[PDB]
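Protein chains in written order, with our numbering: chain A, 1 to 474; chain B, 1001 to 1473.
Every residue, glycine too, gets a C-beta built ideally from N, C-alpha and C.
Below is one structure, written out as structure tokens; the observations come after it.
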């Protein structure tokens, strides 16, 4: 009982700041040279603007695939930045008994006391699990009820921070490599469906040293890594369940990828249907789908397409599968929560990471049709502004139709084609009355109109009754 | 004999036409301009700045006080100072030119006299009293009408969009943009212009014909003539009336433009008597100045837009004297020049840089949660909160304090959010009492906008959970 009393004193005297001992490290971008850029796709004008952003959120710690046997409820760890990177460092010493509590929904919480070891905690969990589904028939079922998350992802750090997942696992299965992806002109959108089936918690002993066997000494802890820079931690809680990831990769722009997916996919699945779209499909055809399913079932799929109605229904089925939880069909560990052993303060961290958001806007070209059928001489004036980005400067050039002011007779009809960089259209029509005190009469003067696909201005009538109609009548 | 020699001096007087007069635009430094934010009260305001430039043809206005030297058939020394409203008179003695008055509907009636401010003015008005006498009409329609409007950043943007005389407007409207920008005021300008008639002059083929036989080449070098400063001929002058309306405000550029564009048109100002209280308080922050340049001049300061009598007064100023009459003198507006030697246009293209200021306003809002059903529910509300700090758009994920907590009916509460909240998601769950399916999701809405009021109502029973959201979407 003398060794524990030394561990308590050395623990209580171990001075460290809970907030700064582990720290998320995100991407930094350090450069303001993000000028707008432009191009044309025939009459279509495509402007791409870039903005530096950072995303801030509580960092959820995934249970790594390769360290499940070290992150079980009641495990001990040495705090280390390498825990945030998916490599938690076991604190391997002998321990005394701890209360482990399984929280299953609709059931009263059953607990059991054992020395926290992977084999002991696992057996205890699987026993309580046996009694629960050995009491719902053989072993039974849980319908899909998912938390939903979606986002474009710039790099591995935005991914980890928004989705709280094990990058290492997801890199294996979904084949995520952002150097290859940006080297091509590809963007990535990611959806996650997440369902927690049950949780398992562990109570930290009032006096912390009580977690150790009586034989363990302070000197064993220091040899394993413990110190003020690496205080000990206690796995307070692990969640178990099922997780589905959908990765959408495209050469389309970020903005067009996000818009296409946001309109065809949601928390309800994929509602993509036939007879109300046609260029949507040539977009969709450019989107490669990958899927990984983890917990319950285990599956990965690659090479699916959203044109096919039967790929869409295969996806929705994967998503809305009921899971038959049993001894032969387990749940996967998803996230775990650590507390500092010294006092029981959380070791959850905040994370920040910077990224470059790219916004693409497409502005379609258009036409102005002028038609004169009136019994008089008429002139048309058409002007507009043309937008250009030349280095980091929005250049605005006033322009004019070559025919402005010229006299026009009898049946006259022309089309003025405009590209998507034209704004601020002004149109004026005048008809010569033939009478000296009112020689030119203005039948229409529309300024500041927008470029629409087809604008038609018709004048007709006679010298003293001049008609004007514009379509659309903006 | 001086004609032989003056004519050959303009042999190949070395100058490029396009280079001898060049528009001097504003240039902006390329120091970074970061987004700026502030809050009024729960309303969130983001201000962004973009460096721009505007290019167009530069219409040269007739400067007040240089009308004596920019009449048709007058002679000028070329020079960057002309673009700035100080054209340099070339005062030598001149022969006779054919000057042609162009009245709308009239035959082009010409006369040949010695180019002089007094000569052409008398010659034009003599032609005017003749066209008026041969008409029972007191009034005729102008040859042309033009309506323009824009925000203005500095004097150069103003000169280029409007082809105005900067100096006349600076004095009459007391414009100064270094003071205006300091006080955080924005400026919207509108112009109405009527050209009643033009008055052109034909340039003789043998250019020297324009000088009396007594003037020599040395009388001209003494007037300032060079290769750097070739001679100009005022070929055509437009006469009429012009009015400027200057709208000045502590409102933002975006909001000033949007308010004026919606209450002004080529027909004048329209304010609906049934105006929203929001719209009326913005109009109450707009001060209106007016400069009228015609046969009569006038300047108005401190007009307002807050009553229909204020709007009437302004529309009456705009449309007063917009028809040519015997009693309603036209005034010179714009003038066009050729190089005396060969006759090509001395007209220049212009470019100027400015900083455009785009302001967006994001009102606050509430989410009301209501629970009426016969079961235990929990709500989950999250959003992102936007900030601009340094040059960084910062997005902080936030959650309602009450998330995940069991709620028993009746429950009601309100979550207030300010306008930097975006991307709202709301999840409502109900406990069925069945171990199979303990928790059932009854509504899950993500990526929603912050509206002034979003109501989420849940009711029903454990196995029939009802859900309504208003606005649905």
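If you reduce the DSSP assignment to three classes, tell me which class residue i lands in.
i               : result
residue 169(A)  : helix
residue 951(B)  : This structure cannot settle anything about residue 951(B), because the visible part of chain B is limited to 1001 through 1473.
residue 1311(B) : helix
residue 1224(B) : coil
residue 1181(B) : helix
residue 1021(B) : coil
residue 1457(B) : strand
residue 1350(B) : strand
residue 403(A)  : coil
residue 70(A)   : helix
residue 1133(B) : helix
residue 1260(B) : helix
residue 33(A)   : coil
residue 1089(B) : strand
residue 1173(B) : helix
residue 7(A)    : helix
residue 327(A)  : coil
residue 394(A)  : strand
residue 429(A)  : strand
residue 417(A)  : strand
residue 1207(B) : helix
residue 307(A)  : coil
residue 236(A)  : strand
residue 140(A)  : coil
residue 298(A)  : coil
Does the Cβ-Cβ distance between residue i and residue j come in under 7 Å?
i               : j               : result
residue 167(A)  : residue 156(A)  : yes
residue 1465(B) : residue 1419(B) : no
residue 100(A)  : residue 74(A)   : yes
residue 1370(B) : residue 1412(B) : yes
residue 1137(B) : residue 437(A)  : yes
residue 424(A)  : residue 474(A)  : no
residue 187(A)  : residue 270(A)  : no
residue 1232(B) : residue 1327(B) : no
residue 69(A)   : residue 118(A)  : yes
residue 173(A)  : residue 47(A)   : no
residue 255(A)  : residue 359(A)  : yes
residue 1259(B) : residue 1374(B) : no
Out of the options, state which residue places its alpha-carbon closest to the alpha-carbon of residue i.
i               : options                            : result
residue 1066(B) : 1211(B), 1168(B), 1438(B)          : 1168(B)
residue 89(A)   : 80(A), 334(A), 163(A)              : 80(A)
residue 1023(B) : 1347(B), 1373(B), 1460(B), 1439(B) : 1347(B)
residue 96(A)   : 34(A), 264(A), 205(A)              : 205(A)
residue 1162(B) : 1176(B), 1006(B), 1147(B)          : 1147(B)
residue 1202(B) : 1226(B), 1114(B), 1282(B)          : 1114(B)
residue 229(A)  : 15(A), 446(A), 8(A), 455(A)        : 15(A)
residue 152(A)  : 399(A), 356(A), 91(A)              : 356(A)
residue 159(A)  : 264(A), 58(A), 418(A)              : 58(A)
residue 20(A)   : 216(A), 3(A), 84(A)                : 84(A)
residue 1215(B) : 1470(B), 1386(B), 1090(B), 1462(B) : 1090(B)
residue 324(A)  : 307(A), 177(A), 298(A), 255(A)     : 298(A)
residue 210(A)  : 452(A), 7(A), 464(A)               : 7(A)
residue 1434(B) : 105(A), 69(A), 435(A)              : 105(A)
residue 422(A)  : 288(A), 122(A), 401(A)             : 401(A)
Report yes or no: is there a C-beta of chain C within less than 7 Å of the C-beta of residue i?
i              : result
residue 105(A) : Structure shown: chain C not included; protein chains present are A and B.
Would you mind giving the Cβ-Cβ distance between residue i and residue j, rounded to the nearest angstrom? I have them listed as a contact below 8 Å.
i               : j               : result
residue 5(A)    : residue 94(A)   : At roughly 17 Å, the Cβ-Cβ gap does not stay under 8 Å, so residue 5(A) and residue 94(A) are not in contact.
residue 60(A)   : residue 335(A)  : 5 Å
residue 322(A)  : residue 143(A)  : 5 Å
residue 456(A)  : residue 369(A)  : 5 Å
residue 1388(B) : residue 1036(B) : 7 Å
residue 1025(B) : residue 1351(B) : 5 Å
residue 1234(B) : residue 1076(B) : 7 Å
| field | the region 1036–1043 of chain B / the region 1355–1366 of chain B touching (three or more Cβ pairs under 8 Å) | value | yes
| query | Below 8 Å, can you find three or more Cβ-Cβ pairs linking the region 1186–1201 of chain B to the region 1234–1241 of chain B? | reply | yes
| Does the count of Cβ pairs from the region 292–300 of chain A and the region 241–254 of chain A closer than 8 Å reach three? | yes
| task | Take every Cβ of the region 1335–1354 of chain B, pair it with every Cβ of the region 1249–1269 of chain B, and state whether three or more of those distances are shorter than 8 Å. | result | no
| message | Count Cβ pairs between the region 48–56 of chain A and the region 377–384 of chain A that sit closer than 8 Å; are there 3 or more? | response | no
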